[PDB]
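Undergrad: return atomic coordinates for the entry below.
(chains A and B)
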Amino acid sequence: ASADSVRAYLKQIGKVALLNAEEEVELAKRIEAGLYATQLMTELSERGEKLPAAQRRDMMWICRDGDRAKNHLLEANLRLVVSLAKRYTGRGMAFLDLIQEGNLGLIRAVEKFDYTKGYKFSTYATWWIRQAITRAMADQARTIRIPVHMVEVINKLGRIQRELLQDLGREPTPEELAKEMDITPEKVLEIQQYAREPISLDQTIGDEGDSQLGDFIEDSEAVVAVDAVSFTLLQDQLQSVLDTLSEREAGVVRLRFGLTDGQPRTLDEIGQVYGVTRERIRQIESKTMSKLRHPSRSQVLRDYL
Amino acid sequence: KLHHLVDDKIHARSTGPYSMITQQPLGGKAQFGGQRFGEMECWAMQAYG
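TA: Residues are numbered from 1 along each chain as shown, chains lettered A, B, ... in the order given. You can find the structure just below:
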């Protein structure tokens, strides 16, 4: 089978021989020389030079040799990436994705780099690789993406609550944790509420594998059937009652409450389209409302409310 | 007197809650739900035509 891509990868990365500070200095010098060489080739390419054949040929050799050295060092330290990444499994992301993100962090560490400080590569890279793995595990782990500042404070709360659970024996209280972390209890509660892991709708709530949670969740947003027909009836009854009003009255009501287009017109607009003052509109409004409050045309529409 | 009283068993639904992923009526007396018009009943009413 050999289906384990973990193995398909480890047996692959066990090939390239491991290097030392001596070869590291040589490699870094070659990489830097190549990057400088390609920078100058780009500079002299623009508006520039009909280069000598030997000079041009071997500076291209340097340009490619720098990439060879870069890739050689990357292959050399893949093993280091694995050794640093193994410790962040058992939770969240999967091992392979972590290895790839740690590889990205390693590209960053070798890129943004220096050797004149006279330090073995791992010292500096370890920091970057750890940072990259943590960055990935923070962003691309939880389904609902929670950003990294919130993630770090979540982890600090988790550590404090756990350690003080063991220290106290009893579970810490929200004020105990709020005082410890020098934050407020409502913030403690908010963070705890943000640590909740979305359960899966795919779970055998029954003992045998036939009953799923998704088959017992009333959707409290569906059409109530009776509510929709009731709204249609309300539309009809209200339309009739308003038609009992006079033309001016029916118009003012419909426009004032947007029964004709869904746009609620206000007093100034209504007075403008009727060519009167808004005080007159408000008076017609009050008169009409009082007329409708009369039980004759009121009790018909009471039930809908 | 056994514990299979009618008041625990009688049930009715005209329109009630609805499941989430699929849009079927829900299940069980705790909710309203309907009775599973299962495969064998589909065969029975295919046989009638």
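
Undergrad: setting aside sequence neighbours, what's the nearest residue to the residue in chain B positioned nearest to chain A?
TA: Nearest residue of chain B to chain A (C-beta to the nearest C-beta) works out as residue B:17 at 3.7 Å. C-betas here are computed from N, CA, C, even on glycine. Across the structure, with C-beta to C-beta, 6 or more residues apart in numbering or on different chains as the measure, the residue nearest residue B:17 apart from its sequence neighbours is residue A:218 (3.7 Å).

Undergrad: residue contacts, the residue of chain B closest to chain A?
TA: Residues in contact with residue B:17, defined by C-beta atoms under 8 Å, 6 or more residues apart in numbering or on different chains, are A:218-219, A:222, B:25-26, B:31-33.

Undergrad: surely residue B:15 meets residue A:228?
TA: No. Taking contact to mean C-beta atoms under 8 Å, the distance of 10.8 Å between residue B:15 and residue A:228 leaves them out of contact.

Undergrad: before we go further, the residue nearest to residue B:17 is sitting in a helix, right?
TA: No. Inclusion of residue A:218 in a helix is not indicated when DSSP: H, G, I helix; E, B strand; the rest coil is applied; the result is coil.

Undergrad: next, give phi and psi for the residue nearest to the spatial centre of chain B.
TA: Centroid-nearest residue in chain B, with C-alpha atoms, centre = their mean: residue B:35, separated by 1.5 Å. Recorded main-chain torsions at residue B:35 are phi -90, psi 130, according to degrees, to the nearest 10.

Undergrad: equivalent analysis for residue A:128, please.
TA: Residue A:128 has phi and psi values of phi -60, psi -50 when expressed as degrees, to the nearest 10.

Undergrad: for residue A:15, which non-adjacent residue is spatially closest?
TA: Excluding its sequence neighbours, the residue lying closest to residue A:15 (C-beta to C-beta, 6+ apart) is residue A:75, at 7.7 Å.

Undergrad: same deal with residue A:105?
TA: With C-beta to C-beta, 6+ apart as the measure, residue A:132 is the residue that lies nearest to residue A:105, at 2.3 Å, once sequence neighbours are left out.

Undergrad: can you dump the C-alpha coordinates of stretch A:267-286 into PDB?
TA: Taking C-alpha atoms only, stretch A:267-286 is exported to PDB below (Å, rounded to 0.1, in the frame of the first residue of the first chain):
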ATOM      1  CA  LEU A 267     -45.000  64.400   5.500                       C
ATOM      2  CA  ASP A 268     -43.000  66.800   3.300                       C
ATOM      3  CA  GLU A 269     -43.000  64.400   0.300                       C
ATOM      4  CA  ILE A 270     -46.800  63.800   0.700                       C
ATOM      5  CA  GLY A 271     -47.500  67.500   0.900                       C
ATOM      6  CA  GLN A 272     -45.400  68.100  -2.100                       C
ATOM      7  CA  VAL A 273     -47.100  65.500  -4.300                       C
ATOM      8  CA  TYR A 274     -50.500  66.900  -3.100                       C
ATOM      9  CA  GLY A 275     -49.300  70.500  -3.200                       C
ATOM     10  CA  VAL A 276     -50.200  71.500   0.300                       C
ATOM     11  CA  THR A 277     -48.400  72.200   3.600                       C
ATOM     12  CA  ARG A 278     -47.100  69.400   5.800                       C
ATOM     13  CA  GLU A 279     -49.300  70.600   8.700                       C
ATOM     14  CA  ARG A 280     -52.400  69.900   6.600                       C
ATOM     15  CA  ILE A 281     -50.900  66.400   5.900                       C
ATOM     16  CA  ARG A 282     -50.400  65.700   9.600                       C
ATOM     17  CA  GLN A 283     -53.900  66.800  10.300                       C
ATOM     18  CA  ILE A 284     -55.400  64.600   7.700                       C
ATOM     19  CA  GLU A 285     -53.200  61.900   9.100                       C
ATOM     20  CA  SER A 286     -54.500  62.300  12.600                       C
END
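
Undergrad: before we move on, back to that, burial check on the residue nearest to residue B:17, number of neighbours?
TA: The local packing count at residue A:218 equals 15, with neighbours defined by other C-beta atoms under 10 Å in any protein chain shown.

Undergrad: isn't it up against residue B:25?
TA: No. With contact defined as C-beta under 8 Å, residue A:218 does not reach residue B:25; the gap is 10.3 Å.

Undergrad: anything in contact with each of the two?
TA: Shared contacts of residue A:218 and residue B:25 (C-beta under 8 Å, 6+ apart): B:17-19.

Undergrad: contact residues of chain A facing chain B?
TA: Residues of chain A lying near chain B by C-beta under 8 Å from any C-beta of the partner chain: A:201, A:214-219, A:222, A:224-226.

Undergrad: 6 Å - rerun?
TA: Residues of chain A lying near chain B by C-beta under 6 Å from any C-beta of the partner chain: A:214-215, A:217-219, A:222, A:225.
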